[PDB]
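Same chain, two versions here, written out as structure tokens and called structure 1 and structure 2.
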Structure 1
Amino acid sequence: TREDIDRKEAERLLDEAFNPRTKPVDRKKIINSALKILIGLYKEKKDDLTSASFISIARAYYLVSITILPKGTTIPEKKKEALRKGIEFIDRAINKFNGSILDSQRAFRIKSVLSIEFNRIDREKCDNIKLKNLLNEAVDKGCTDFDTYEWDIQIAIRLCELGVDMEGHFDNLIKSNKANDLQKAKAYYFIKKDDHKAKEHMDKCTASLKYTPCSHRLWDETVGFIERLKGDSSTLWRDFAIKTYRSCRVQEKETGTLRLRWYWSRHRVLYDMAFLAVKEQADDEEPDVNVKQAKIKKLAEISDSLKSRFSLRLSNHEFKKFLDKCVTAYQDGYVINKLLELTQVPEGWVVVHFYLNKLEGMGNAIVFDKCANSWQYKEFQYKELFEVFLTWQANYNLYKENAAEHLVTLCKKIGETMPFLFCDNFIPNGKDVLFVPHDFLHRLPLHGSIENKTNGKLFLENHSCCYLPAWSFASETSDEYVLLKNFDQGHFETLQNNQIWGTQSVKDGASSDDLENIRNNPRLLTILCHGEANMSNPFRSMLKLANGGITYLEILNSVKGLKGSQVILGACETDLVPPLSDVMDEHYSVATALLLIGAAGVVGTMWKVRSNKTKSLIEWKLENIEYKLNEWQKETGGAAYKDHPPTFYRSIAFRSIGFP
């Protein structure tokens, strides 16, 4: 009494895979086997197959879609394709029916959940009206048993979200056990329309979010709920966005590196909404003065947490294998197997934190003054600045020497769009400034800004500037002035004759092994190789030594003898990183790599520089190490932008990256 073509084996397999008694790692292969069995059965009987097999196929497709996570910022195509195939199979099953009650209820349940997932992923193909009609028809069919399946819970919550009234099913929805706290909060907000029970429930939901990894649907549901609460002009989203940002930070502290690159990078919207939440307080209404500064300090703290976290995570061959895995993961490939406070700054120093508000299309600049112990902030726009930066980059990548006019235009645009860099109240005159830019301002030279006046003045002529990718790079011996040179052209015969060094300087033909074996922690290291920065795959950057040695990963692996050192290098080093940064805020230059291994200060060049400028800098540096770069740049002729653009172009390319 058994049919020759039965699908009970696949139904049992899917039922066993449904319950949370199976390993997450082993869930995919078994459901793939069940799908293979079902597809073979479908191929055996083309169009005479029964409806129940189609229902099981659609269920398997829905599950295979839910077992796929949205890595990065772009969702993989396999999830969308699986949903499309599942909805097509469910439509085919619905069109012709044998006639049943449970079969129809299950078919409409699967169709409804597939449509909900499809609309959540994209709204263009499945608009809100068709989803509303389909879901209303499904709820008419009678799928309201809330104590058995969570798909009905999802149907009810989405029905509440869409607009219709469900005042009748509220008590049985609340009495159900399968629903979680976020769904309870949505039900309390969209039916009872009260703000206390929903607050408590989603507060417990947020408190339970500290252990969920950054791959569950719960993060996306929380983001969407808070976004809709913001959209309805509610007065209930600021604090909850703050606490979900706290939970996101806590989970961020307990995640892997590849997962930090793939799955954690889609929480920029969460880090932005919480930034807006804090920015909404400290406003026209006047509380005590100290809470203003506390709120601004919190704003700087949250803007700091979105900075370069991948680089902060940095027996010999294990590290090399990990670095190869990281670099092969950067190109969307397969990877087959004691913190300083924001206040602790030296006296006479001002720190500027940059954050590009992507949600509102605005820029924020937070400033802390040590002498006054004051916190200030200002806003600006960055669209035309981005356009001029891209124009300069495009011209330089093609001509590399006649784009000085574009550099002057970019400096003038920076001065125009940021008028607070010259204000007395914002940044005091005769002070030292520190820059922590964000997401495209690393490439712009902020020490070349010209104010919009009759005869503008550079930013260097009054302030000395320093650079730092993030505040996490700030911390808190010998006297050998080691030198490494590989300049084949010559023109440095007047430098090697100095006796300030000894027993470690490779005057000619310096190679990678000459730098790998350094162990004295020198006070000053000088490298005079060729730059040849790499745009695509910035993990090489090809620091051209003799044998073509240390590019960018040998720095992170093969050198461990430059802790507390100051390194000045003449080559295209600190920039020519891709204009389009990344899916997350990161800086990838070998200057940053040198800063990562333990070096104190690094002087790098923003683009190609001449031999004369490097020779002048290295000769003027060793006279007394306490001089900064601003005086040398001012005396070199960097104030000649109007008459000779090329000399200004050559002079500005140097940059300091070390915070003392």
Structure 2
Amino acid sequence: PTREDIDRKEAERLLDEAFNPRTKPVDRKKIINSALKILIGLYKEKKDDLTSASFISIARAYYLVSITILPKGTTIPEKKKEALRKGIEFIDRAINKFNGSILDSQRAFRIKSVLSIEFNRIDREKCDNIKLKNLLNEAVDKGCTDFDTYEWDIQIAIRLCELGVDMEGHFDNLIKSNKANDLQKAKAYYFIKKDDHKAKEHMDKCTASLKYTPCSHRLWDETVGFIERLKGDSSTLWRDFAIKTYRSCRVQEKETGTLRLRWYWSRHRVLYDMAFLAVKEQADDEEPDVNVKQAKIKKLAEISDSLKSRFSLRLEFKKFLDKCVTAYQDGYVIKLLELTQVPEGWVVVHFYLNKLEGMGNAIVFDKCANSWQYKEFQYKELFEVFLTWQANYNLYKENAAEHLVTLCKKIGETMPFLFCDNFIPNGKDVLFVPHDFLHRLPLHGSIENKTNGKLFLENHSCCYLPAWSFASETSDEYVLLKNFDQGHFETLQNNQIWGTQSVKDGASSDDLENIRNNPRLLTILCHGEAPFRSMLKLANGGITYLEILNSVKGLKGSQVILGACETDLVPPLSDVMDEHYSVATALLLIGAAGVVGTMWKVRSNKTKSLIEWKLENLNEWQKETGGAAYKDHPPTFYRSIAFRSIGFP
């Protein structure tokens, strides 16, 4: 017929060829964009003389381009929201002047309803659930019921059973429909008939199904939403599905790519948080004996550990790592150690912050006692004072000694289990595994809430580790790399029979890349960026976290005594993915057995004293220097606890 009808038919053909799963997602977006080019080009030449069929076609094309746009992390893409808004406006204009048959009305109302479903899922404030319910009722009373040949009708029925109305006359078609997936059947059994058994095996079938679906596919978000729905009204079924969704998420977030598939598809902090909740409340129930409850706290420990840092673990290579750093800034890119294998006299403290529950967690493990325990605490005022110190230190470096005192004093007040004998007994070495907020906190300098409370390093040996898989199961020489001015930091450390292999004065970046696995001692300046571009002020520009990952292949197994200013606290104040991006972390990642990195700005004398500590190649050094005088002189507390022990022996 007219050019309008021909172009509409072409758009329909393209939308059909892009909707089916047979079309690869690589060449799926382009087809939708081409069809929508045709549709909007047709619309631009006739603003109001346009038929309702073209309006509903444009709405469907906008829906299709919206569903193929996937969430990019903690923030929903704005192209998806714009596509939904345009589609809903176009379908509203279609139904305002509808001039079609009954089938056309059915299709228009179905498209509008599914667009409203996705818009409510994305932006609930604009399209509230009451108007969504009204639109869904108007759609279903107009014939939007066919579940055998229209999956959108299945979505509408599921949303209705969410909303709180009965469909006893539709379950027969809902369950026998081939298009319905495991989640649709689970919703049908849980809401239509208020059953829990058939819902349970269909639910476990869904759990098994998630083991192969990528983290980008919407079924993960649907499952998490359904778990929250089961959590809203107290149910006994969300425990098991939380556990199995956790298991599937672990087995799946091991095959995705770090380059362009992990920053913005691991949006499942809620999932791990609520799996932690499920395990905790299962362990909260009374048990006949301490043999399973004591073992569920270990499961809590793996809940905490499996989410912290997976980007760093799997870190030419330079091009891929440059792609990674580009993708960090929201730009465009073109075995594991057993937790029970801990040396004697060592206690490991795992950490997790629950965003859903609003409380923190702490999992300990006394190797001698073989005991796992958990305690709760708040993390809001801690975040307050952490940001306070970080801001007042960025503005005024050394003047933030008072804020170090305040933060470390209130850490013990809000975290009293650190000094508790039952939680962490005296004497045993403590290894910390923080979660996205406590990494930057100097937990080794935590001050007990007492009248004259001492430190944590005073009565324990602290060691930091970004995760648990970092720990894993040489030459006796020593090397020194110095790039300070030849006016200070000389003493006898420059020439005290260090080593003829690679000890240098005014060293360059290339020198650090040619070492023979020695306990490298490094005394230069670092800056810290914001990304993980925290440079080290070697000659010829300097070596960066990028360069440390790419080039340094000689410091494997070394005990680095790196004393550069602002090394351990390189990562910014706010968290993104619970990944620690310090220079000391980089050295630990490339294969070092331990790094005493400096958190904030340090001084030459302190670095020399740490270097002079050649008793055995720390904490006792911190005790001797005057780290216990935080209440007598905050300035000397500023320059002492900056050095922290990173690594596991």
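Start at 1 and count along the sequence of structure 1; that gives the residue numbers used here. Only the largest set of C-alpha atoms that superpose within 1.5 Å between the two forms is called the rigid core.
Q: Where does the C-alpha shift reach 2 Å or more between the two structures among 225, 368, 588, 264, given a fit on the rigid core?
A: Going through each option, the one that shifts is 264.
Q: Given a core-based superposition, decide whether the C-alpha of residue 505 shifts by 2 Å or more between the two structures.
A: The answer is yes, as the C-alpha of residue 505 shifts between the two structures by 2 Å or more after core alignment.
Q: For a quick test of reading the superposition: does residue 492 move by 2 Å or more at the CA between the two structures, rigid core aligned?
A: Residue 492: C-alpha displaced by 2 Å or more between the two structures.
Q: Can a Cα shift of no less than 2 Å be assigned to residue 573 between the two structures, given superposition on the rigid core?
A: Yes, the C-alpha position differs by at least 2 Å between the two structures.
Q: Would you mind giving the Cα movement of residue 122 between the two structures in Å, after fitting on the rigid core?
A: Core-aligned C-alpha shift comes out at 1.3 Å.
Q: What does the CA of residue 522 shift by between the two structures after fitting on the core? Give it in Å to one decimal.
A: Shift of residue 522 at C-alpha, rigid core superposed: 4.9 Å.
Q: Align on the rigid core first, then pass along the CA displacement of residue 287 between the two structures in angstrom.
A: For residue 287, the C-alpha ends up 2.7 Å from its position in the other form.
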